[PDB]
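Visitor: As input, take run_15.pdb (PDB, C-alpha atoms):
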MODEL        1
ATOM      1  CA  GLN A3092     -22.796  -8.301 -59.335  1.00  0.00           C
ATOM      2  CA  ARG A3093     -22.901  -5.561 -56.694  1.00  0.00           C
ATOM      3  CA  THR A3094     -25.571  -7.291 -54.586  1.00  0.00           C
ATOM      4  CA  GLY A3095     -23.482  -9.840 -52.694  1.00  0.00           C
ATOM      5  CA  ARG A3096     -20.267  -7.860 -53.179  1.00  0.00           C
ATOM      6  CA  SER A3097     -21.763  -4.906 -51.296  1.00  0.00           C
ATOM      7  CA  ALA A3098     -23.599  -7.243 -48.905  1.00  0.00           C
ATOM      8  CA  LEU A3099     -20.243  -8.513 -47.624  1.00  0.00           C
ATOM      9  CA  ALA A3100     -19.318  -4.910 -46.770  1.00  0.00           C
ATOM     10  CA  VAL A3101     -21.854  -4.886 -43.922  1.00  0.00           C
ATOM     11  CA  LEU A3102     -20.288  -7.880 -42.178  1.00  0.00           C
ATOM     12  CA  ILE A3103     -16.799  -6.514 -42.851  1.00  0.00           C
ATOM     13  CA  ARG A3104     -17.633  -3.115 -41.346  1.00  0.00           C
ATOM     14  CA  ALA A3105     -19.254  -4.715 -38.304  1.00  0.00           C
ATOM     15  CA  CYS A3106     -16.715  -7.401 -37.427  1.00  0.00           C
ATOM     16  CA  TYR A3107     -13.428  -5.770 -38.454  1.00  0.00           C
ATOM     17  CA  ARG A3108     -14.265  -2.754 -36.258  1.00  0.00           C
ATOM     18  CA  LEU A3109     -15.610  -4.755 -33.340  1.00  0.00           C
ATOM     19  CA  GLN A3110     -12.088  -6.200 -33.603  1.00  0.00           C
ATOM     20  CA  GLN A3111     -10.409  -2.994 -32.434  1.00  0.00           C
ATOM     21  CA  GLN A3112     -13.275  -2.094 -30.113  1.00  0.00           C
ATOM     22  CA  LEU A3113     -11.740  -4.677 -27.774  1.00  0.00           C
ATOM     23  CA  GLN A3114      -8.287  -3.195 -28.429  1.00  0.00           C
ATOM     24  CA  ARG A3115      -9.361   0.292 -27.331  1.00  0.00           C
ATOM     25  CA  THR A3116     -11.179  -1.130 -24.310  1.00  0.00           C
ATOM     26  CA  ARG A3117      -7.954  -2.944 -23.378  1.00  0.00           C
ATOM     27  CA  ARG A3118      -5.923   0.243 -23.841  1.00  0.00           C
ATOM     28  CA  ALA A3119      -8.294   2.251 -21.654  1.00  0.00           C
ATOM     29  CA  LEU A3120      -9.414  -0.105 -18.849  1.00  0.00           C
ATOM     30  CA  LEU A3121      -5.854  -1.206 -18.032  1.00  0.00           C
ATOM     31  CA  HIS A3122      -5.060   2.449 -17.272  1.00  0.00           C
ATOM     32  CA  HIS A3123      -7.585   2.371 -14.406  1.00  0.00           C
ATOM     33  CA  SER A3124      -6.253  -0.203 -11.922  1.00  0.00           C
ATOM     34  CA  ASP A3125      -2.816   1.435 -11.978  1.00  0.00           C
ATOM     35  CA  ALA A3126      -4.362   4.547 -10.424  1.00  0.00           C
ATOM     36  CA  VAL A3127      -6.040   2.395  -7.755  1.00  0.00           C
ATOM     37  CA  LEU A3128      -2.723   0.723  -6.933  1.00  0.00           C
ATOM     38  CA  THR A3129      -1.026   4.127  -6.767  1.00  0.00           C
ATOM     39  CA  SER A3130      -3.750   5.428  -4.441  1.00  0.00           C
ATOM     40  CA  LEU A3131      -3.531   2.458  -2.073  1.00  0.00           C
ATOM     41  CA  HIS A3132       0.269   2.708  -2.061  1.00  0.00           C
ATOM     42  CA  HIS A3133       0.000   6.381  -1.108  1.00  0.00           C
ATOM     43  CA  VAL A3134      -2.405   5.331   1.651  1.00  0.00           C
ATOM     44  CA  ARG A3135       0.289   2.920   2.851  1.00  0.00           C
ATOM     45  CA  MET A3136       2.690   5.879   2.738  1.00  0.00           C
ATOM     46  CA  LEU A3137       0.413   7.914   5.009  1.00  0.00           C
ATOM     47  CA  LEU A3138       0.802   5.104   7.547  1.00  0.00           C
TER      48      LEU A3138
ATOM     49  CA  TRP B  13     -12.142  53.962  61.842  1.00  0.00           C
ATOM     50  CA  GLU B  14     -10.384  50.871  60.514  1.00  0.00           C
ATOM     51  CA  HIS B  15      -7.794  49.044  62.601  1.00  0.00           C
ATOM     52  CA  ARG B  16      -5.632  45.966  62.094  1.00  0.00           C
ATOM     53  CA  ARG B  17      -2.172  44.670  62.853  1.00  0.00           C
ATOM     54  CA  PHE B  18       0.635  45.442  60.407  1.00  0.00           C
ATOM     55  CA  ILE B  19       3.770  43.591  59.326  1.00  0.00           C
ATOM     56  CA  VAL B  20       6.472  45.437  57.394  1.00  0.00           C
ATOM     57  CA  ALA B  21       6.814  44.566  53.695  1.00  0.00           C
ATOM     58  CA  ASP B  22      10.592  44.273  53.763  1.00  0.00           C
ATOM     59  CA  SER B  23      12.926  43.244  50.964  1.00  0.00           C
ATOM     60  CA  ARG B  24      14.771  41.312  53.687  1.00  0.00           C
ATOM     61  CA  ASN B  25      11.668  39.099  53.982  1.00  0.00           C
ATOM     62  CA  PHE B  26      12.619  35.633  52.747  1.00  0.00           C
ATOM     63  CA  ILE B  27      10.818  32.293  52.711  1.00  0.00           C
ATOM     64  CA  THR B  28      12.534  29.023  53.647  1.00  0.00           C
ATOM     65  CA  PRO B  29      11.061  25.884  52.077  1.00  0.00           C
ATOM     66  CA  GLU B  30      12.598  22.448  52.541  1.00  0.00           C
ATOM     67  CA  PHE B  31      13.507  19.995  49.816  1.00  0.00           C
ATOM     68  CA  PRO B  32      13.664  16.196  50.099  1.00  0.00           C
ATOM     69  CA  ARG B  33      16.632  14.104  49.043  1.00  0.00           C
ATOM     70  CA  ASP B  34      14.712  12.733  46.041  1.00  0.00           C
ATOM     71  CA  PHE B  35      13.524  16.047  44.590  1.00  0.00           C
ATOM     72  CA  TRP B  36      15.647  17.210  41.666  1.00  0.00           C
ATOM     73  CA  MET B  37      16.320  13.868  39.951  1.00  0.00           C
ATOM     74  CA  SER B  38      12.799  13.330  38.916  1.00  0.00           C
ATOM     75  CA  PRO B  39      12.840  11.469  35.587  1.00  0.00           C
ATOM     76  CA  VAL B  40      11.096  14.254  33.659  1.00  0.00           C
ATOM     77  CA  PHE B  41      13.440  17.142  34.538  1.00  0.00           C
ATOM     78  CA  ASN B  42      16.183  15.432  32.497  1.00  0.00           C
ATOM     79  CA  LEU B  43      14.864  14.534  29.069  1.00  0.00           C
ATOM     80  CA  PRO B  44      16.516  13.544  25.771  1.00  0.00           C
ATOM     81  CA  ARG B  45      16.215  15.308  22.436  1.00  0.00           C
ATOM     82  CA  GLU B  46      13.735  12.646  21.248  1.00  0.00           C
ATOM     83  CA  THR B  47      10.871  11.363  23.398  1.00  0.00           C
ATOM     84  CA  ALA B  48       7.720   9.406  22.654  1.00  0.00           C
ATOM     85  CA  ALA B  49       5.340  12.396  22.645  1.00  0.00           C
ATOM     86  CA  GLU B  50       6.514  13.866  19.327  1.00  0.00           C
ATOM     87  CA  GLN B  51       6.362  10.458  17.643  1.00  0.00           C
ATOM     88  CA  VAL B  52       2.877   9.950  19.109  1.00  0.00           C
ATOM     89  CA  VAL B  53       1.641  13.248  17.674  1.00  0.00           C
ATOM     90  CA  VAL B  54       3.220  12.722  14.246  1.00  0.00           C
ATOM     91  CA  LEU B  55       2.022   9.102  14.073  1.00  0.00           C
ATOM     92  CA  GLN B  56      -1.545  10.058  15.010  1.00  0.00           C
ATOM     93  CA  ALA B  57      -1.535  12.781  12.352  1.00  0.00           C
ATOM     94  CA  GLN B  58      -0.265  10.258   9.796  1.00  0.00           C
ATOM     95  CA  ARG B  59      -2.933   7.763  10.875  1.00  0.00           C
ATOM     96  CA  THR B  60      -5.664  10.365  10.361  1.00  0.00           C
ATOM     97  CA  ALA B  61      -4.176  11.269   6.969  1.00  0.00           C
ATOM     98  CA  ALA B  62      -4.216   7.616   5.904  1.00  0.00           C
ATOM     99  CA  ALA B  63      -7.777   7.251   7.205  1.00  0.00           C
ATOM    100  CA  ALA B  64      -8.836  10.127   4.958  1.00  0.00           C
ATOM    101  CA  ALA B  65      -6.826   8.797   2.008  1.00  0.00           C
ATOM    102  CA  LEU B  66      -8.336   5.308   2.166  1.00  0.00           C
ATOM    103  CA  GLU B  67     -11.830   6.822   2.013  1.00  0.00           C
ATOM    104  CA  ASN B  68     -10.747   9.014  -0.904  1.00  0.00           C
ATOM    105  CA  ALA B  69      -9.402   5.931  -2.687  1.00  0.00           C
ATOM    106  CA  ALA B  70     -12.648   4.086  -1.948  1.00  0.00           C
ATOM    107  CA  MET B  71     -14.720   6.846  -3.540  1.00  0.00           C
ATOM    108  CA  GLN B  72     -12.234   7.195  -6.420  1.00  0.00           C
ATOM    109  CA  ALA B  73     -12.237   3.462  -7.218  1.00  0.00           C
ATOM    110  CA  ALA B  74     -15.961   2.727  -6.785  1.00  0.00           C
ATOM    111  CA  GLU B  75     -16.609   2.943 -10.572  1.00  0.00           C
ATOM    112  CA  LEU B  76     -15.400  -0.544 -11.580  1.00  0.00           C
ATOM    113  CA  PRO B  77     -18.920  -2.043 -12.005  1.00  0.00           C
ATOM    114  CA  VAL B  78     -19.794   1.046 -14.048  1.00  0.00           C
ATOM    115  CA  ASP B  79     -16.417   1.161 -15.837  1.00  0.00           C
ATOM    116  CA  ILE B  80     -16.933  -2.431 -17.023  1.00  0.00           C
ATOM    117  CA  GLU B  81     -20.679  -2.601 -17.788  1.00  0.00           C
ATOM    118  CA  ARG B  82     -20.499   0.397 -20.128  1.00  0.00           C
ATOM    119  CA  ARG B  83     -17.564  -1.288 -21.895  1.00  0.00           C
ATOM    120  CA  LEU B  84     -19.144  -4.753 -22.245  1.00  0.00           C
ATOM    121  CA  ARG B  85     -22.914  -4.302 -22.682  1.00  0.00           C
ATOM    122  CA  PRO B  86     -22.777  -2.040 -25.801  1.00  0.00           C
ATOM    123  CA  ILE B  87     -20.574  -4.629 -27.529  1.00  0.00           C
ATOM    124  CA  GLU B  88     -23.138  -7.261 -26.528  1.00  0.00           C
ATOM    125  CA  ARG B  89     -25.908  -5.215 -28.153  1.00  0.00           C
ATOM    126  CA  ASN B  90     -23.795  -4.564 -31.260  1.00  0.00           C
ATOM    127  CA  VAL B  91     -23.136  -8.276 -31.741  1.00  0.00           C
ATOM    128  CA  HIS B  92     -26.721  -9.199 -30.801  1.00  0.00           C
TER     129      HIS B  92
ENDMDL
END
I need this file expressed as structure tokens, please.
Guide:
Amino acid sequence: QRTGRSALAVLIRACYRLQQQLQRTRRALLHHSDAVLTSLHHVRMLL
Amino acid sequence: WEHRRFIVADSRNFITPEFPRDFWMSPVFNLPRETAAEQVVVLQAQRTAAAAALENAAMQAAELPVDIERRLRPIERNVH
């Protein structure tokens, strides 16, 4: 019984965690362009 | 033996220059509290500051191709 039942665990562990890989990448990479915008706005301040 | 003519160094000695009618009212004797020189200096300093800051921003933001490849390629390998 535990052949296919455990075989499904591999695909579950891969896909269900690749799911939130994209979530963490979204949470992190969005916090990068805000700094660029802040820097360019400070540059506009200095002129 | 050293000889020369002498003229007395008197306190009564005064010098008499002459002034033209258009002397005192030169435009630069009378100046306001705010002229263009101070703004020029401050504006040039600000321009140099912004020139430095844009370069700093350029070197601070030059990681986008690296900040995206290292986020996308490992997921490609994981799926592949």
Visitor: Please, what distance in Å, to one decimal, runs between CA of residue 3108 (chain A) and CA of residue 76 (chain B)?
Guide: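 Distance reported for this atom pair: 24.8 Å.
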Visitor: If the cut-off is 6 Å, can you tell me the residues of chain A near chain B, counting all atoms listed in the file? I'd like them as a list in words.
Guide: residues 3130, 3134, 3137 and 3138 of chain A
Visitor: If I wrap all listed atoms of region 3128-3131 of chain A in a box with edges along x, y and z and add 8 Å on each side, what are its centre and edge lengths in Å to one decimal, as lines of an AutoDock Vina configuration file?
Guide:
center_x = -2.4
center_y = 3.1
center_z = -4.5
size_x = 18.7
size_y = 20.7
size_z = 20.9
Visitor: What does the distance from CA of residue 3111 (chain A) to CA of residue 3123 (chain A) come to in Å, to one decimal?
Guide: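 CA of residue 3123 (chain A) lies 19.0 Å from CA of residue 3111 (chain A).
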Visitor: To one decimal in Å, tell me the separation between CA of residue 3115 (chain A) and CA of residue 82 (chain B).
Guide: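 Taking CA of residue 3115 (chain A) as the start and CA of residue 82 (chain B) as the end point, the length is 13.3 Å.
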